[PDB]
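Enquirer: One structure, pasted below without further comment.
2 protein chains.
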Amino acid sequence: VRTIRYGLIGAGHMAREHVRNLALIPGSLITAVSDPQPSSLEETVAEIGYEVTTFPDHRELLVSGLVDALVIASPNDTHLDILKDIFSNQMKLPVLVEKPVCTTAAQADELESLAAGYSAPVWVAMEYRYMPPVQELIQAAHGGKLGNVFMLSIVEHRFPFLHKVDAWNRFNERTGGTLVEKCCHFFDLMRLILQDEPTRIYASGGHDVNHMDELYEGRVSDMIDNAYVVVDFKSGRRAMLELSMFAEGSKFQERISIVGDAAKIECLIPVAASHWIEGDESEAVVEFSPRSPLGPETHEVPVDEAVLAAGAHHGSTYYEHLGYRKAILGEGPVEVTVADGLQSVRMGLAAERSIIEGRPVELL
Amino acid sequence: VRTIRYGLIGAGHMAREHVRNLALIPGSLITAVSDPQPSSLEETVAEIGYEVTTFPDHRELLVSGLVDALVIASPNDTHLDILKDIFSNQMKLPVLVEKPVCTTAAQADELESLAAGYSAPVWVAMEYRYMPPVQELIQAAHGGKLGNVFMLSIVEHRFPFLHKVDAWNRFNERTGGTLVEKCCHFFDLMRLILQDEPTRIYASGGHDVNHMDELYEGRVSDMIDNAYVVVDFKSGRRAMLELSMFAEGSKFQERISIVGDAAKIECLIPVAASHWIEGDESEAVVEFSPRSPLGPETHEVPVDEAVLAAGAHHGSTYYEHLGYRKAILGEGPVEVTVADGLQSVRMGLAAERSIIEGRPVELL
Ligand SMILES: NC(=O)c1ccc[n+]([C@@H]2O[C@H](COP(=O)([O-])OP(=O)(O)OC[C@H]3O[C@@H](n4cnc5c(N)ncnc54)[C@H](O)[C@@H]3O)[C@@H](O)[C@H]2O)c1
Ligand SMILES: NC(=O)c1ccc[n+]([C@@H]2O[C@H](COP(=O)([O-])OP(=O)(O)OC[C@H]3O[C@@H](n4cnc5c(N)ncnc54)[C@H](O)[C@@H]3O)[C@@H](O)[C@H]2O)c1
């Protein structure tokens, strides 16, 4: 072993996944949980399965001395404030902070300065990359099987935003926008696969279908439910994101395609069985499509049954935690830094502005 | 029966497909072929299989008195000139004119005026819609199985521009640009499926891979080989086109998806036999993906063996000619008018400007 005491700031749905995944990793002990909602604590405690000290407020937790490391899985607009507390705390602990790291540019601007002066690891929890199918595509791109890389397409086709606590995931004011909230993953993936930095974004999107029967003090959701985004990079590579939140019918929730000048590669990621028909479970597919001699190659990508049953992310949360652990113990780097978190968000924020004011947006 | 005498102005590769398809349609007689290149004439005649009168120049053909209707399958920048001759000819005849109808805005502007004062049918040969797979998508969109329609995605993944006669298809000056030349069909498809008009268009693209090694008086092809295009419509529907001319590896050359608020529908078009592996004759698929009860429905869509062997367009050219026949006999409408042809071109021209400038462009 070699034990790490973990504290959870925020004890909702994703917290419980972090729990189930920490359960598979020896050396991992949860010792403190913070949540302003007792019903959330009761359920999260039940899931953990052992005795832990609870707090309604994270400040009491920070100075409790029960924890070697933190996990933040509270609503998006809370994230910066909690971090500012962690940064100004005497103790100075590692943090895994759920995405989005930020929800506005004011925050991004502020966070950027503070994080520079902090001495403990900060990892932004964008796990998508450790999905085994996506891992293949990343190594295939990086290692040269595609030749020189130019195009990258991501298509997400999925169900409407789920029902959460105090319905915080309904308004842009609280989420950063659909493209920040659900899409910072894909904007980071772009940077990772293309090995490049964005120069420009343009998007078209609407709120066309969803959440039209929900009032919250008389108001309907102001958020996007579909969009097309186009990103240009400093070397002239280009990428595109397509989103529909009313395409749950799709066997495959994500489709990721990368074209280079020697070959093309695509992956098809199924819907989580927890969201699909029971029995009609599908396995993920990767297709390698070379130009040079015509002859595409398809193959299923399997994971571990336990790791996959640990969450709704095809085992990725597990690996994410293996990474975080290593970094705490100085046996690996932070793979997903604040910087990364901030680019992913500024990318979404830019995209949101573009839909609003019918112009592209420059990135710095 | 009722026999129709057809004249072909231009006798290259597509002309021979027009021939092969006219061969399947009873009542179709070719009587005159025009081409400045006798190599082209002798092969096109060989294909026809019977005796016909040839001309080097289309003007002699127009006043030959052998023809009830015309087909234009010459290089793009010739198209307006030939039409001006047809429009001013004493005997005013029906015309099927290959796409692009135009190559510049000056021409679009001019053609628009002239074609209004011409009294014979003018049909722009964008046959894509009659591909049986695509037909299902259009009826499904129009007829309501998708609910209200919002998104349309087109992915073309194909080979570099081919070697043509006197190599006319290499410079923007002669083609109108890649987005005009090879993409006007998809811009028309958008208008057709969405049943709407574009308000705005934006694209990112480059010349990144292809034709770095053909010189024409010392100069390299100045044409795009990949792009992402985004179109917004007057009702808030949107569409996006992805093009790579270096993705010949792809089993499926086209992928079309349409998302509405009850269901999604996709079609996959294989590479034409003549361009694919020998033996690997894959068929097109259509997948219906409802939201309401999860349960996707897939099925292969066949074309007739002869109709499929008659062309490189999944049988579409045949149906196109069934329509053109009716219009010649004044028993049927022009399904694809000059107006349609002109929007398709202006859409590409707009997209070309957008890549160049860096801003979206307004459409009227
Ligand atoms: N990594 C991923 O794949 C992924 C997936 C979904 C959600 N998330 C992120 O997880 C976070 C929310 O988790 P969820 O989706 O389970 O939502 P949830 O509503 O189920 O959980 C949020 C919890 O935070 C509590 N809370 C509210 N305000 C708080 C505060 N100021 N401090 C601490 N806790 C507070 C709520 O009472 C609730 O118990 C968001 O940042 C969201 O973006 C990440
Ligand atoms: N699916 C489609 O709709 C499709 C497919 C292929 C080509 N096309 C169109 O067909 C045209 C090109 O035909 P192709 O691809 O078979 O090319 P090609 O180069 O193989 O044949 C073109 C022929 O036109 C002749 N020609 C040149 N100048 C002429 C003139 N002034 N008058 C008459 N004939 C002339 C050439 O000598 C040659 O014989 C273009 O407009 C192209 O966009 C359409």
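One line per chain: the protein sequences are A and B, in this order. For any residue, its number in UniProt numbering is found by taking its place in the first sequence, counting from 1, and adding 8. For any residue, its number in UniProt numbering is found by taking its place in the second sequence, counting from 1, and adding 8. We treat Cβ as the ideally placed atom computed from N, Cα and C, and that holds for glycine.
Quick check on the DSSP output: the beta strand (DSSP E) that includes B:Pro-206 runs from which residue to which?
Expert: 206-214
Enquirer: By how many angstroms is the C-alpha of A:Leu-371 removed from the C-alpha of A:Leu-357?
Expert: Here the alpha carbons of A:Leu-371 and A:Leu-357 stand approximately 10 Å from one another.
Enquirer: Grab me the residues of A:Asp-76's own chain with a C-beta within less than 6 Å of its C-beta, minus the 5 sequence neighbours each way, in chain order.
Expert: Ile-12 and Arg-13
Enquirer: Determine, using beta carbons only, whether A:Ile-277 comes closer than 9 Å to chain B.
Expert: no
Enquirer: Quick one: give me the first and last residue of the beta strand (DSSP E) that A:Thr-186 is part of.
Expert: Per DSSP, A:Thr-186 belongs to no beta strand (DSSP E); it is in the alpha helix (DSSP H), 186-189.
Enquirer: Return yes when the C-beta of A:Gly-356 is under 8 Å from any heavy atom of ligand 3, and no when it is not.
Expert: In the structure shown, ligand 3 is absent; the only ligands present are ligand 1 and ligand 2.
Enquirer: Please identify the residue among B:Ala-235, B:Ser-72 and B:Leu-160 whose C-alpha is closest to the C-alpha of A:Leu-160.
Expert: B:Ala-235
Enquirer: Identify each residue in the region 255-278 of chain B for which the Cβ-Cβ distance to at least one residue of chain A is less than 7 Å, and report them in chain order.
Expert: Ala-255, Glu-256, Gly-257, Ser-258, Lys-259, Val-267, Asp-269, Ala-271 and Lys-272
Enquirer: Quick check on A:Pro-108: buried or exposed, where buried means 16 or more other Cβ atoms within 10 Å of its Cβ?
Expert: Residue environment: A:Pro-108 is assigned as buried (16 or more neighbouring CB atoms within 10 Å of its CB, all protein chains considered).
Enquirer: Thinking just about the alpha-carbon of each residue, which of B:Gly-226, B:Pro-141, B:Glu-286 and B:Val-188 is nearest to the one in B:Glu-262?
Expert: B:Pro-141
Enquirer: What does the alpha-carbon distance come out to for the pair B:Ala-175 and A:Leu-350?
Expert: 49 Å
Enquirer: Just the chain B side, please: which residues come within less than 7 Å of A:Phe-169 by C-beta, in chain order?
Expert: Per Cβ cutoff of 7 Å: no residues; A:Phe-169 is ~15 Å from chain B at best.
Enquirer: Looking at chain A, which residues of the region 143-177 of chain B have a Cβ within less than 9 Å of any of its Cβ atoms?
Expert: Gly-155, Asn-156, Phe-158, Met-159, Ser-161, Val-163, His-165 and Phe-167
Enquirer: Looking at C-alpha atoms only, which residue of A:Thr-345, A:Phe-254 and A:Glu-50 is the closest neighbour of B:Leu-154?
Expert: A:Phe-254
Enquirer: Does any C-beta atom of chain E lie closer than 9 Å to the C-beta of B:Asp-216?
Expert: Protein chains A and B are contained in the structure displayed, whereas chain E is not.
Enquirer: Is there at least one Cβ from chain A nearer than 9 Å to B:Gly-303's Cβ?
Expert: yes
Enquirer: Between the region 347-367 of chain B and chain A, which residues of the former have a C-beta closer than 8 Å to a C-beta of the latter?
Expert: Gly-366 and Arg-367
Enquirer: Can you find a CB in chain B that lies within less than 9 Å of the CB of A:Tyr-210?
Expert: Flagged as an interface residue toward chain B: A:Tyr-210, by a C-beta distance shorter than 9 Å.
Enquirer: Sorry if obvious, but does the Cβ on A:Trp-131 come closer than 8 Å to a heavy atom of ligand 1?
Expert: For A:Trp-131, the shortest C-beta to heavy atom distance toward ligand 1 is 8 Å or greater.
Enquirer: So, for A:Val-353: in the same chain, excluding its five sequence neighbours on each side, which residues have a beta-carbon less than 7 Å away from its beta-carbon?
Expert: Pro-108, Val-109, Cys-110, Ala-116, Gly-184, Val-188 and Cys-192
Enquirer: With a threshold of 8 Å (Cβ to nearest heavy atom), would B:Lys-107 be considered close to ligand 2?
Expert: yes
Enquirer: Examine ligand 2 and report whether any of its heavy atoms sits within less than 8 Å of the Cβ of B:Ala-281.
Expert: no
Enquirer: Measuring alpha carbon to alpha carbon, tell me which residue in A:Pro-304, A:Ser-290 and A:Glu-289 is nearest A:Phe-296.
Expert: A:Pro-304
Enquirer: How many angstroms separate the CA atom of B:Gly-20 from the CA atom of B:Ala-81?
Expert: 7 Å
Enquirer: What does a CB cutoff of less than 6 Å around A:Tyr-210 pick up in its chain, not counting 5 residues either side in sequence?
Expert: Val-238, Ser-362 and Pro-368
Enquirer: Can you tell me which of B:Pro-34, B:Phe-158 and B:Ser-229 puts its alpha carbon nearest to the alpha carbon of A:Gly-214?
Expert: B:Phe-158
Enquirer: Would you check if the region 93-105 of chain B and the region 31-45 of chain B touch, i.e. whether three or more CB-CB distances between them fall below 8 Å?
Expert: no
Enquirer: Which value, in whole angstroms, describes the spacing of the CA atoms of A:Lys-172 and B:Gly-287?
Expert: 53 Å
Enquirer: Thinking C-beta only, is B:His-307 closer than 9 Å to B:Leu-316?
Expert: no
Enquirer: Is the distance from the Cβ of B:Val-346 to the Cβ of B:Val-132 below 9 Å?
Expert: yes
Enquirer: Can you tell which of B:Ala-23, B:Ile-17 and B:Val-9 has its C-alpha closest to the C-alpha of B:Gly-319?
Expert: Taking only the C-alpha atoms, the option nearest B:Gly-319 is B:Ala-23.
Enquirer: Compile a chain-ordered list of the residues in the region 287-302 of chain A whose CB is closer than 7 Å to at least one CB of chain B.
Expert: Going along the region 287-302 of chain A in chain order, one finds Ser-297, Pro-298, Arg-299 and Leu-302 with a Cβ nearer than 7 Å to chain B.
Enquirer: Decide if A:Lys-272 is buried, meaning its Cβ has at least 16 other Cβ atoms within 10 Å, or exposed.
Expert: buried
Enquirer: A:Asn-234 CB to nearest chain B CB: under 9 Å?
Expert: yes
Enquirer: Threshold first: 4 residues or longer. Then list the alpha helix (DSSP H) segments lying entirely within the region 43-95 of chain A, N to C.
Expert: 46-56 and 66-70
Enquirer: Taking the C-alpha atoms as reference points, what is the distance between A:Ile-201 and A:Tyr-326?
Expert: Take the alpha-carbon of A:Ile-201 and the one of A:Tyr-326: they are about 21 Å apart.
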